[PDB]
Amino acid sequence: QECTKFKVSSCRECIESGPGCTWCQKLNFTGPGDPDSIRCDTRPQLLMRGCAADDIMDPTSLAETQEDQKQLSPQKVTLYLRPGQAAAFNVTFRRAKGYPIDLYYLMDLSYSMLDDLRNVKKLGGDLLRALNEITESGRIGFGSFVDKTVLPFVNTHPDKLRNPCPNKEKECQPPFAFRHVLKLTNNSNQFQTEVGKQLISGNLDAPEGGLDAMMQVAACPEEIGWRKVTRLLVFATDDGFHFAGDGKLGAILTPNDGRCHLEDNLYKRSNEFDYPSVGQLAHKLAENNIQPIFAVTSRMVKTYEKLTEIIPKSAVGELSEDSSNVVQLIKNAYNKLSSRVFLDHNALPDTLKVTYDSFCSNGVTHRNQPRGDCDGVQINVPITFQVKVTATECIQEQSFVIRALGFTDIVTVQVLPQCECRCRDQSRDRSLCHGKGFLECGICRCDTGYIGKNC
C-alpha cells in the first residue's frame, strides 16, 4: 500500500524500489513539465492519475511446479519472488512402504553392563528377525564404547589399564574409546562369533564417551558399511555422556573434527580430540541420514529424551538392567520415528524466509511454523505441507532443497526474482517514439544516440 520513490527511470527500477510500487505502461502518459518518475506509485495513486487497470504493471509472486513413487511430491518447484510478497506451494508427503533397515548396535561396555553383554551376545538372530518383521532384507552391526583412556575418565594406573573391572573379575578388557566389531551383515552367525569375542570393561567417572563412538559411526560409512536405506543407530547405555568441554579435565583442548579416525577398527586418536558437542553430532547424523535410538535405563530416560529436541530424527526407549527387552524397544522406536514426519530445508541466505503449514492426518494443524511437523503419520495416508517463501530483496538466481527428515528424497526449489514487468508488445504501436528507440513498458527507452525523453 506504500511506494517510496528515489530515482525511478524505468519499469524495473520502479518495481525494485518497493513492494507497493506499480508502473503505468500507457503511451503519452506524462506531461512535459513532469518527469517519467510519475509512472511509479501505489495502485490507487496510479488509478487516480488515470492509468487503466490493464496498464498498471504490478508483478506478483508465483510458484510453478514440475512433479515428475509418491512419497515426496513435487520434486521440482520454481519460485518468482516479488520482494515482501510470499509465494505458496504444497508439498505432499505419502508415507511409503518401509525400506530395508541397517541397524548398528552401539553398546556400552562399562562393568555395570556385564549381564547386558551376556544377553546381547545371543540376540543376533532376534535382531535380524525383528528387522525382517518390520520391513525386509535387514542387516545388523555392532560396536562398543567405554571412554577416553586418560585421567580422570579412566584410571591410568597400569594395573587398572590392564583390568579396569573389579579385581575379582578377570574376563575384562582394557578401557577403550570406540571399537568397530561387526560390519553390517545379514549373517547372524558373524554377529554371534564377532560379538562373542568382546569382553566387558570399566572406567573411572560416571559419564562416558559414547558420543565419540556415535561420531565415528557417522563419519565412517564405508567401514560401518551403510546401505542407502534406513539407518538406525541403537545406543545402549546405563549412564550419562560426556560432550564438548569435558575434555578439559583431561587436558584435551582440541575440538572434535568430525572426521573418520578408525585405525584397526579403533578410535586410536581419541585422546587427541575433545568430545563432540550435541549439536555437532546432530549435524553429522542428519548429513548421513543416521537415526539414533537411545536405549537407556530408567534413570536416564528423561535425560536422553531432551536429545530429541536437538536431534529431530531420534527416539528414546527404556532399556532393562540386562538389556533383555531391546528388541521391543527397537520396534517401538521405529514406530516412533516413522510416525513423526518433519519437513525442513537446508541453509538459506538472509534474503529468504521459509515458513511451513502442517495439515496432518491425525486432525492436528500448524500454521506459519519454522518447520513442518506432523505426528501419527500412517502408511499411504497423505499429509500436506504448505510452504511459504518470502524474499526481502530483489534476489539473485538461487536454489535450496526441502527434505522430509530421515529420507534422501528432496524437493529442489528454484528461486528467481520478479523485478521485471512483462509489458505489452509494441506491435500496433510501431512507428514507435518518432525515432529509432525501442519501447519497453509504454515508456520509450531510446537507443543511445541523442537520447533524452520522448526520444
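Counting begins at 1, following the sequence as shown.
- Task: Look at the stretch from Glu397 to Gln398 and count the residues of the deposited sequence that the entry does not model, then pick none, 1 to 3, 4 to 9, or 10 or more.
- Result: Missing in between: none.
- Segment of higher mean CA temperature factor, 213-221 or 185-193: The recorded data point to 185-193.
- Message: Comparing average C-alpha B factors as deposited, tell me which of 168-176 and 337-345 sits higher.
- Response: That would be 168-176.
- Task: Compare the CA B factors listed in the entry for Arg403, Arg49, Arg424, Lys388 and report the winner.
- Result: In the PDB entry, the greatest C-alpha B-factor among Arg403, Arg49, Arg424, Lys388 is found at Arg424.
- Top Cα B factor in the deposited entry, candidates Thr408, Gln45, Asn28, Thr412: Among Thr408, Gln45, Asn28, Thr412, the highest C-alpha B-factor in the entry belongs to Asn28.
- Task: State the tercile, meaning the lowest, middle or highest third, of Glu136 with respect to the CA B-factors recorded for its chain.
- Result: Highest third - that is where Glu136 ends up once the chain's C-alpha B-factors are sorted.
- Message: Using only modelled residues of the chain, where does the Cα B factor of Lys121 rank: lowest third, middle third or highest third?
- Response: Tercile = middle for this residue's CA B-factor.
- Comparing against every modelled residue in the chain, figure out the third that the C-alpha B-factor of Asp357 lands in (lowest, middle or highest). It falls in the bottom third of the chain.
- Message: Taking only the Cα B-factors deposited for this chain, tell me whether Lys268 sits in the lowest, middle or highest third.
- Response: Tercile = middle for this residue's CA B-factor.
- Task: Sorting the chain's modelled residues by C-alpha B-factor, tell me whether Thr308 ends up in the lowest, middle or highest third.
- Result: It falls in the middle third of the chain.
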